[PDB]
Amino acid sequence: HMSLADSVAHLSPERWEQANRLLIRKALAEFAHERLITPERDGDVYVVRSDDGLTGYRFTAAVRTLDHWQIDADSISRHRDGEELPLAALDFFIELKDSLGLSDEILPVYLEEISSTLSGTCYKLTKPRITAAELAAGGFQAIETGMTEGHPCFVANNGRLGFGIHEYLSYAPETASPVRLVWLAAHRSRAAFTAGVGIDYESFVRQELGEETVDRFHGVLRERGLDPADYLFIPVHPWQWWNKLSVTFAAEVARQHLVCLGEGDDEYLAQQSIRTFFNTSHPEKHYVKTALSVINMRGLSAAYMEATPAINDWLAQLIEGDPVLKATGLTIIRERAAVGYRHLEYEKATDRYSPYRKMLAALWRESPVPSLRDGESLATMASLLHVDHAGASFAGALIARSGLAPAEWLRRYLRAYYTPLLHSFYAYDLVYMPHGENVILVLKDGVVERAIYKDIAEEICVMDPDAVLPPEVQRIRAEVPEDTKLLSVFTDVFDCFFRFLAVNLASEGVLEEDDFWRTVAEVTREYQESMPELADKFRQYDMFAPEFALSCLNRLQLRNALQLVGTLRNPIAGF
Amino acid sequence: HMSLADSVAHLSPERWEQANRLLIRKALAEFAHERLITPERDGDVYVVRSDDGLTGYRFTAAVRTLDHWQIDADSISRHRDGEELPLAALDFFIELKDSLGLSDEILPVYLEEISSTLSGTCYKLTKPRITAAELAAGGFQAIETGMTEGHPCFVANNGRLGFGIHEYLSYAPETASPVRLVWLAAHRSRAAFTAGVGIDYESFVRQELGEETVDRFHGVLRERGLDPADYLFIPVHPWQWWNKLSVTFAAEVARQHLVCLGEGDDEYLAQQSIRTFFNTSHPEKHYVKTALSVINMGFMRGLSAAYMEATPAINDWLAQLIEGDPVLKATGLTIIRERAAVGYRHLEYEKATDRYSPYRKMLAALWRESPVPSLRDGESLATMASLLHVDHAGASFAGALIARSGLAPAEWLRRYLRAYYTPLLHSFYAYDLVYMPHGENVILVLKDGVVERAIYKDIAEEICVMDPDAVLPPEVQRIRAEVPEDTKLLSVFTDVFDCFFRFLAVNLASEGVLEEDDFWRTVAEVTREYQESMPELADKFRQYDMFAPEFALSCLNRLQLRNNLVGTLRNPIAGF
Ligand SMILES: [Mg+2]
């Protein structure tokens, strides 16, 4: 941000009321889904009352599959003492403090998170109007940075707390501001580099930075009388350097355990994960995931980091060695190298969970771009839930561009993304956290050719504690209750992603809900019928059970161990 | 900080070693004074060992009056397993974690505060290494920004946590970086202005900003369609605007409860109170004290609107009290009054919080009179903290004033005491009135090196009348308190003698300017000279005996190491 006026230009009364209307609509919809509130009918209108009962929220809505509340945002009115009141998200959460589990200690910081979400919405409303169809054809990073919703379940989901407004405008992914990494040299008595198969440190940094920059960086070390052979390069988010490391790790800088090397040349864009950077100067080079000590202090831990490339190499060999997965086109983009720093004094003074141990670390992830064949393009799977200012579905614009039948388009999408989740569960007892942000879709002519998974090591799990795995990999084992294993599919895919996709394709008039879930059931049976030898597992974990548990995402957020209250009708049980 | 190399240029191995040695010297000295550690004499050296015994710190020292440990910084050595090790402040506190009461939870944040303290010392070591005599001749703000010690008792004292390094380099007092304030218009439904006697809001802001700036700001409100009469002006620290208010109070900006007016034109310097600004473009104008949500020991500071409605009236009362007392008027004592205050009330955070939440201390400001227009010919201004200042070569700023004055040291001291100390004694005995009388909230007026008179500041939040039944105005009755009788006099013995005179006596004794016994003999004489001038308070002099043999050792570092009295000290006025 340059001037004082520009710093708050996005905050206008009009944009604010629109942002408050959209957030309250989502709060009402997802709080009702999670049975934290229970709207009552009154005529052709639903009503939700505050704790005290003196304030009423009235709206029109239709309940859809999986208890999805489809609320008209323009129908929402707020009433008290027979007087209509403006919509105000902050008042809304205060008035339902007790209905939501908001402790006295969490409510103020929750409101701050809401103010930041509302502010980001205000900023996004200042961005040029772009339609769904124009967004489909706009490019990988135009799609990444053109997302407005964020996670579709969490009400407080786009909080950039810890960023001043100038830093929000420089670093938030929706601003599409170019970012340059700061590079430190870390002494090898305190830093360690871990690489996957085929990676050599000296050639790795040469490929990433180019030899001219590497030699310039060496000159900084030698000008101080230091030997480059004793040091490792660590890339650092500028916010982390200026606001944290330069002060908190001052002792490491002064003693030359860390040396500030300079800025890197290449321009990067923050992704939806704000600490993960895509290289736009060189899209073929690695993503860089950085440590970022902002609170929800968060960061990136150096502990679990030593095995991360090996877990990625393991899973890649697993997909290649399996014709069922290779036939879906499933690939991952591997975490390929990692570097971690050990602040020995903070280590002595802290336990393993302290944010002082997550302040300096990075990892590198393969770019999906060199895998692209002719006419293929990249889109975050999150984009399938995007809706433009006119109410058009991004997924709809893809179906129209494909000229395919909607159910046929959907079947190809499910073959590429959904089928491999089933095989991983039944063949290998293997699950992910397969939400929108950690899946990249490959599109040709509007059609999903294949899927790419990312964010592997921190997310994958084998639900067999006595399964044969390499030593570096064994740590991804766990014992999961038999009743809960299958929620990996119902919660994370059905209730947290398809629920929204099916409602949006129906609302647009593209595909009825029944056909959507029919198609889902067809594809599940197709995979089932193709693997008879796994039938013992299909019976013990039935995808077609009539009900499964309702896992509530906002409830977990309002606590600071899953939050299961009640059950949902399984959409595929009668197909 | 523009450049990436400029962001850490102050951090060099040599300055860091120097800063670690100095901080360890102070920690050993003040921890031993508070009896947190007990050095053992091992021949001609003292020894302090880590909690486990594996590490030893060896140093020569002399124990001076009031159990002051004068340690030679260059004699400190660290030893483990028959090897001599480099001094490392962070290791020092981890090794003594249990002796010091550092719990598991606050130890990490304590070490971060120490790092900040150490970084600031490194920064200060890159400043021109100016001499005590030169600094004495340097003018009011050169002295203010040239202080290096900070509080003389607290080991972790100059932490600027919450600032990035670029922010430290723009805003910390020791950088002497000009700062322009940001001005907000706050709607009168959520903001309130409070004035002292003779203050009118419209003339007040016209004086401070000038008509041109004031019309430019009214313009900003008109283009938005707003009525300036519905708004109050609030100046804000730029760090506070960019890092806190524009994000946390976004609802107030959007709904136009707050409106960003722009940047004031006058250049300010941060004082040793980093949230308080002196106007360099017009030194006659008021100090501006702003809300600043930085961190102190994990806790978010700021400026609250709670006791804000009565801060001017408290200052008006104290000023009138001084003007009306012949004893105080004879010492020349004055105050620079907090004259006007303004507060904002974020109603939504109010519903969500209790009285003590940092969300209520985020937007408020007050104005303090400048001492500059009081100055007569040859008069200059110096923070009283500068009496403890020692330059790079070890020369005392006070000794430099003594040398410039041409007076015998005891006589120079006697005039300083009559100027600053006599009013404290009189305040306590005549009115049961005490202050927070430390170096940063007293300003000295100097003429030809001599202390002509003293000026107090930081009044409302610090003053206390130890009498529940004392006659006071309604808005001023809040400063009353009932504290135990054996505690009342500690406000002199602790805050004056043990936290300030202890250091000044040792500094003048180290320079060969004044022996410790002659220092305290002079304090005693000034004490008796005051008592002999007020025989009608004689019974009080004996109820609260300034000449008692001992007083309680109050331990300032003990408090800070707990986020919240052990033994006694011989009162330096024995047979004196
Ligand atoms: Mg900042």
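The sequence lines fix the lettering, A, B, ..., with proteins before strands; numbering per chain opens at 1. Just so it is clear, the values below take in all heavy atoms, side chains as well, and ignore hydrogens, waters and symmetry mates.
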When the ring planes of [X] and [Y] are compared, do they come out parallel, tilted or perpendicular, using 30° and 60° as the limits?
| X | Y | answer |
| --- | --- | --- |
| B:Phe233 | B:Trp183 | perpendicular |
| A:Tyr417 | A:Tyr413 | parallel |
| A:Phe140 | A:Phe278 | perpendicular |
| A:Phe31 | A:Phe92 | parallel |
| A:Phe516 | A:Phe498 | perpendicular |
| A:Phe59 | A:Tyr46 | parallel |

Can you name the nearest heavy-atom pair linking [X] to [Y], along with the distance?
| X | Y | result |
| --- | --- | --- |
| A:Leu501 | A:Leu384 | CD1-O, 3.7 Å |
| B:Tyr231 | B:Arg188 | O-NH2, 3.7 Å |
| B:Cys260 | B:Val182 | SG-CG1, 4.3 Å |
| A:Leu87 | A:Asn20 | O-CB, 4.0 Å |
| B:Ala186 | B:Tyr344 | CB-CD1, 3.7 Å |
| A:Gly150 | A:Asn158 | CA-OD1, 3.8 Å |

May I ask you to test the [X]-[Y] pair for a side-chain heavy-atom distance under 4.5 Å?
| X | Y | value |
| --- | --- | --- |
| A:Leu66 | A:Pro571 | yes |
| A:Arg21 | A:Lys26 | no |
| A:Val8 | B:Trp241 | yes |
| B:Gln240 | B:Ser293 | yes |
| A:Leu161 | B:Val247 | yes |
| B:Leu258 | B:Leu363 | yes |
| A:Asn570 | A:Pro546 | no |
| A:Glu513 | A:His68 | no |

Reported [atom1]-to-[atom2] distance for the pair [X] and [Y], which is rounded to 0.5 angstrom:
| X | Y | atom1 | atom2 | answer |
| --- | --- | --- | --- | --- |
| A:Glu112 | B:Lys244 | CD | NZ | 5.5 Å |
| B:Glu252 | B:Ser246 | CD | OG | 13.0 Å |
| A:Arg499 | A:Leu385 | CZ | CG | 10.0 Å |
| A:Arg64 | A:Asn504 | CZ | CG | 11.5 Å |
| A:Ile37 | A:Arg49 | CD1 | CZ | 12.5 Å |
| A:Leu553 | A:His151 | CG | NE2 | 5.5 Å |

Sidechain-backbone polar pair: [X] side chain, [Y] backbone, donor-acceptor under 3.5 Å:
| X | Y | value |
| --- | --- | --- |
| A:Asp104 | A:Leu107 | no |
| A:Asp495 | A:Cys552 | no |
| A:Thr55 | A:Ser50 | no |
| A:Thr567 | A:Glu547 | no |
| A:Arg555 | A:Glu34 | yes |

Inset, instruction - Go through the steps for A:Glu134 and A:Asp388 under the test side chain to side chain contact (heavy atoms under 4.5 Å, CB included), then give the verdict. - result: CA-CA 10 Å; A:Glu134 300 172 24; A:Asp388 66 15; over 6 Å; no
Without hydrogens or angle criteria, can the side chains of [X] and [Y] be said to hold a donor-acceptor pair below 3.5 Å?
| X | Y | answer |
| --- | --- | --- |
| B:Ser304 | B:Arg360 | no |
| A:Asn554 | A:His33 | no |
| A:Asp51 | A:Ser99 | yes |
| A:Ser273 | A:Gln271 | no |

Legend entry - Note: A:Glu84-A:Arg58 ion pair, threshold 4.0 Å (strictly below): no
Inset, instruction - State plainly whether the residues B:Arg190 and B:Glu348 are in salt-bridge range, i.e. N to O under 4.0 Å. - result: yes
Legend entry - From A:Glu167, A:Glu113, A:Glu174, residue fulfilling salt bridge (charged side-chain N to carboxylate O under 4.0 Å, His left out) relative to A:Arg160: A:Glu174
Legend entry - Stepwise side chain to side chain contact (heavy atoms under 4.5 Å, CB included) test for A:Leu169 and A:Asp6: CA-CA 10 Å; A:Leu169 292 168; A:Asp6 291 306; over 6 Å; no
Inset, instruction - Take A:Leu11 and A:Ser119, measure what side chain to side chain contact (heavy atoms under 4.5 Å, CB included) needs, and give me the verdict at the end. - result: CA-CA 7 Å; A:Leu11 300 165; A:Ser119 290; 3.8 Å; yes
Inset, instruction - Run through A:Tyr171, A:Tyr168, A:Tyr123 and flag the one making a ring pair (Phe, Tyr, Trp, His ring centres under 6.0 Å) with A:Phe163. - result: A:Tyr171
Please confirm whether [X] and [Y] have ring centers closer than 6.0 angstrom.
| X | Y | answer |
| --- | --- | --- |
| A:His435 | A:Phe497 | no |
| A:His237 | A:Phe277 | yes |
| B:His346 | B:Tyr359 | no |

Inset, instruction - I would like to know whether B:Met362 and B:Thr248 meet side chain to side chain contact (heavy atoms under 4.5 Å, CB included); could you show each step before the answer? - result: CA-CA 9 Å; B:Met362 282 195 190; B:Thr248 302; 4.1 Å; yes
Legend entry - B:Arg345 atom CZ, neighbour heavy-atom count above 12 within 6.0 Å: no
